[PDB]
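Here's a solo chain for you in structure tokens, the form deposited without the named molecule.
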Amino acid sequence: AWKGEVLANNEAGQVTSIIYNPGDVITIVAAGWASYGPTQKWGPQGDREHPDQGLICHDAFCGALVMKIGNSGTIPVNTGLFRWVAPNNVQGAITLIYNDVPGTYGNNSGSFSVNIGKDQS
């Protein structure tokens, strides 16, 4: 299992120690408070009131936690995934990222604390 922090101002994202292999079932739980700019802070689902101005993930709100598995596209994580299997045969290392517009991560603050484990299969 992996336990770590994902900083909201890190545009490259946080590489974890988890490799997602074919057939793996995983569980993620995320908590904490971060902002894409404003003084207010939001949790791992982000800000449902902010429009999408070119987010790295169009299926999650600005300020949400998202991930990539290997060379996949971005996949929403939000507060977590329960006993989840990756669709479409994706595989590889798990990278966690804060959902913002590329080039605008410099004014971001806060972080999420994230647990990832593999389930029985």
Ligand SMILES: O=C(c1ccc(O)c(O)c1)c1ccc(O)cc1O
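Note that residue numbering follows the sequence shown and begins at 1.
Only in words, not in the display: the form deposited with the named molecule bound, which the text now covers.
- In the deposited complex, the named molecule sits beyond 4.5 Å of every heavy atom of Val29.
- At a distance threshold of 4.5 angstroms between non-hydrogen atoms, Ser72 is in contact with the named molecule in the deposited complex.
- The named molecule in the deposited complex is not approached by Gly43, whose heavy atoms all lie more than 4.5 angstroms from it.
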